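Q: According to UniProt numbering, the stretch in the sequence shown is residues 390 to 413, 420 to 670, in order.
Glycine residues also receive a C-beta, built at the ideal position from the N, C-alpha and C atoms.
The structure under discussion is supplied below as structure tokens; questions concerning it will follow.
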Amino acid sequence: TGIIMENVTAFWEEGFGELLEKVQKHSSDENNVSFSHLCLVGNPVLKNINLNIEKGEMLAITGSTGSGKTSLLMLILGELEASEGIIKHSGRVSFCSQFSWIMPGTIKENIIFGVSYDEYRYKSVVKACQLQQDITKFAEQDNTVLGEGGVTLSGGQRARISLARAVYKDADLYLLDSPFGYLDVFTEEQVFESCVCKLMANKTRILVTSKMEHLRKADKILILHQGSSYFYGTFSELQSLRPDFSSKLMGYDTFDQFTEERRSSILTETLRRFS
Ligand SMILES: Nc1ncnc2c1ncn2[C@@H]1O[C@H](COP(=O)(O)OP(=O)(O)OP(=O)(O)O)[C@@H](O)[C@H]1O
Ligand SMILES: [Mg+2]
Numbered sequence: 390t391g392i393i394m395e396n397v398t399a400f401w402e403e404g405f406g407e408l409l410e411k412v413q420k421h422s423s424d425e426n427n428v429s430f431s432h433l434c435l436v437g438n439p440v441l442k443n444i445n446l447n448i449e450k451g452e453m454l455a456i457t458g459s460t461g462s463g464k465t466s467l468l469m470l471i472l473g474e475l476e477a478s479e480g481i482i483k484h485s486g487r488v489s490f491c492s493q494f495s496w497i498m499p500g501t502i503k504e505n506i507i508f509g510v511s512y513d514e515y516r517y518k519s520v521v522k523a524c525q526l527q528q529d530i531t532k533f534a535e536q537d538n539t540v541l542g543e544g545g546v547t548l549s550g551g552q553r554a555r556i557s558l559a560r561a562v563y564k565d566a567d568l569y570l571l572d573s574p575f576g577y578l579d580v581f582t583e584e585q586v587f588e589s590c591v592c593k594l595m596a597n598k599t600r601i602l603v604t605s606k607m608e609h610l611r612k613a614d615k616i617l618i619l620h621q622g623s624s625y626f627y628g629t630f631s632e633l634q635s636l637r638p639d640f641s642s643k644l645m646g647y648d649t650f651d652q653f654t655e656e657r658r659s660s661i662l663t664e665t666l667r668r669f670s
């Protein structure tokens, strides 16, 4: 149907760490991580993961920083293998990574990169990703040549082009890894509404996020901590079965407009108090 994981565990295997680094602050937290040692010692990166996501549902994945969110995505992509447990999903998947990549060419060439052009499809993706506001600032609009790896664009601009590229792909499952992590916080709110909630309402999709509105709108929710499932279920269930986490995070007035670093800090801290 959509995607199922039953009691899945995945161990550190050689090369997986380098892959994670190739995508591309608590980097000071990571400074005696040795990917070799994790492989020697036999260590789960993800442990006892369960989820059942139906066709057209949206799973929101959140958690503490370094909890295995991207790794779970990689597991779906087949870059990590389940050592225990069952994973079912079929069909093409489309992946939007944390690192926004940009190829030599026009904005438009970037969004349809490697895929056939369809005008209604294109115009539709451009609009829902809120790119119309960006391209209208340029003399050649979406025919603007990105005369770098889009280096002179904003981080949000690069993230929107990269989102639009993944959303434009025709696929059965969309993996969206933290597109909404930048300062232009009102644009991100329109994008989430227009792209992820409306245009994609019937696409099975997984959104890694650190905003509570995304948990609120989600069909299902996975919270990760230290490579384990801190919680899995609906937003209603989260308020009942994790009441301490919930009231803390809904306690804020405008949590979703804090920086990405601050939201991830509060999430991480909250997950530790309440074990
Ligand atoms: N670049 C890196 N260097 C060293 N250790 C890393 C790096 N990226 C991830 N890790 C470690 O590998 C496991 C985590 O990664 P994943 O990359 O799956 O985290 P996330 O859950 O995606 O978190 P975040 O997005 O906040 O980094 C964790 O135990 C984490 O500490
Ligand atoms: Mg990540």
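Regarding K442 and ligand 1, is the C-beta to nearest heavy atom distance less than 8 angstroms?
A: Here residue 442 is taken as the residue at index 47 of the sequence shown, counted from 1. No, Cβ of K442 sits at least 8 angstroms from all heavy atoms of ligand 1.
Q: When DSSP labels each residue in this structure, what does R611 get in the three-state scheme?
A: Mapped onto the sequence shown, residue 611 falls at position 216. Of the three classes helix, strand and coil, the one that applies to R611 here is helix, per DSSP.
Q: For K643, does the three-state DSSP call read helix, strand or coil?
A: Here residue 643 is taken as the residue at index 248 of the sequence shown, counted from 1. Here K643 sits in helix by DSSP.
Q: When we look at the beta-carbon of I481 and count the other beta-carbons within 10 Å, is it buried (16 or more) or exposed?
A: Reading the sequence shown from its first residue, position 86 is the one you call residue 481. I481 comes out exposed.
Q: Could you check whether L467 and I497 sit closer than 9 angstroms to each other, using their CB atoms as the reference points?
A: Here residue 497 refers to the residue found at position 102 of the sequence shown. Here residue 467 refers to the residue found at position 72 of the sequence shown. For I497 and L467, no; Cβs fall outside 9 angstroms.
Q: Answer yes or no: the CB of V546 versus the heavy atoms of ligand 2, is any distance below 8 angstroms?
A: Along the sequence shown, one-based indexing puts residue 546 at 151. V546 Cβ: outside cutoff for every heavy atom of ligand 2.
Q: Specify, as a first and last residue, the run of the alpha helix (DSSP H) that residue 417 falls within.
A: Missing from the coordinates: residue 417, inside the break in the chain from 413 to 420.
Q: Are the region 537–552 and the region 493–508 in contact at 8 angstroms, needing three or more beta carbon pairs?
A: Segments in contact, yes.
Q: Under 8 angstroms by Cβ, that's how I've got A566 and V520 pegged, so tell me the actual separation to the nearest angstrom.
A: Within the sequence shown, numbered from 1, the residue matching residue 566 stands at position 171. Within the sequence shown, numbered from 1, the residue matching residue 520 stands at position 125. Actually they are not in contact, since the Cβ atoms of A566 and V520 sit about 13 angstroms apart, beyond 8 angstroms.
Q: Pick from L433, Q528, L610 and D614: whose alpha carbon is nearest that of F640?
A: For the purposes of this step, residue 640 is taken as residue 245 along the sequence shown, with counting starting at 1. Cα-wise, what sits closest to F640 is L610.
Q: Any heavy atom of ligand 2 inside 8 angstroms of the beta-carbon of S495?
A: As a first step, residue 495 is located in the sequence shown; it is residue number 100 there, counting from the start. Answer for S495: no, Cβ out of range of ligand 2.
Q: What is the rounded straight-line gap between the Cα of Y569 and the Cα of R555?
A: Taking the first residue of the sequence shown as position 1, residue 569 is located at position 174. Taking the first residue of the sequence shown as position 1, residue 555 is located at position 160. If I take the Cα positions, the gap works out to 15 angstroms.
Q: Please report the straight-line C-alpha distance between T629 and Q527, rounded to a whole angstrom.
A: Position 234 of the sequence shown, counted from the start, is the residue given in the question as residue 629. Position 132 of the sequence shown, counted from the start, is the residue given in the question as residue 527. Each residue's Cα considered, the two are about 34 angstroms apart.
Q: Please state whether DSSP places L475 in a helix, a strand or coil.
A: Residue mapping note: residue 475 aligns to position 80 of the sequence shown, counting from 1. In this structure, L475 counts as coil in the three-state DSSP scheme.
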